[PDB]
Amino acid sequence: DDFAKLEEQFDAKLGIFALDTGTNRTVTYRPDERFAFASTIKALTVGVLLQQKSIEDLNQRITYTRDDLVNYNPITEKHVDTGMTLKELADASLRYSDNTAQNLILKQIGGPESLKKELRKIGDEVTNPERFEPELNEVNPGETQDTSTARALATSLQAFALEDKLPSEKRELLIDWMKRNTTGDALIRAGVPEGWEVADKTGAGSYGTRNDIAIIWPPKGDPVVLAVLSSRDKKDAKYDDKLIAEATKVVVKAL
């Protein structure tokens, strides 16, 4: 079918789960196969952070040093000498995919184990967070550490952004940051028709892993929850964003 043809054109494996929350119609393809979640986990991490912290708590200033910095710190590496509030760290993790911001947030909620417990509480029995950034991207075939599935990632995102795991105000908070993400212009955003609103979180890992999860709103209709995951067989393989955009067109077309 259309998705298998894409796996052939891009020589990659596709993980897809899409749910029209207004009709319960879905689009799936290897919906339950595991993939390294990479940075998409940052969205669920802030979801759990919003569960534990009040809006007032987010103003708490977090200080750190040049050594706390990891490999990809676009925003945090510019505020070492002044620190950043939790709200600012959440903005940089979600919108710029800042790795240090995610680590500081993760530390705030109790580490990867606490994140797992909380996801287990909301019904997510698949996602398996174990490490910090950027080590969590080091996932080899057959391993479940730091992996999840399209269905589980989409469902958990749905839980925090559309359900009731968070009160409306915090919901809107999460959605607005994601709506203003800066890293997914060539992914899900490039596969939906004009007029469609997208709130997404991207990811990239070893084995050419390239993912994007989002909540997309048609100009007319209820929101669609979508997770498009992918990986390749070479550990050092390069990914092509076009695969995600195309897969998204197929999903929009089918729905």
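Position 1 is the first residue in the sequence shown; the rest follow in order.
**Student:** Highest mean C-alpha temperature factor of the two stretches 80-88 and 144-152, which is it?
**Tutor:** If you average the C-alpha B-factors of 144-152 and of 80-88, the larger mean comes out for 80-88.
**Student:** According to the deposited model, is the average Cα temperature factor higher in 58-66 or in 42-50?
**Tutor:** Result of the comparison: 58-66.
**Student:** Going by the entry, which of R180, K116, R131, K165 has the most elevated CA B factor?
**Tutor:** In the PDB entry, the greatest C-alpha B-factor among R180, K116, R131, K165 is found at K165.
**Student:** Place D222 in the lowest, middle or highest third of its chain's C-alpha B-factors, as listed in the PDB entry.
**Tutor:** Answer is highest: the recorded C-alpha B-factor places it there.
**Student:** Could you place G205 in the lowest, middle or highest third of its chain by Cα temperature factor, using the values in the record?
**Tutor:** Middle third - that is where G205 ends up once the chain's C-alpha B-factors are sorted.
**Student:** Quick one: classify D124 as lowest, middle or highest third of the chain based on its Cα B-factor.
**Tutor:** For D124, the deposited C-alpha B-factor lands in the middle third.
**Student:** Would you mind checking where the Cα B-factor of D32 ranks among the modelled residues of its chain, as the lowest, middle or highest third?
**Tutor:** For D32, the deposited C-alpha B-factor lands in the middle third.
**Student:** With respect to C-alpha B-factor, does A161 fall in the lowest, middle or highest third of the chain as deposited?
**Tutor:** Middle third, going by the recorded CA B-factors of the chain.
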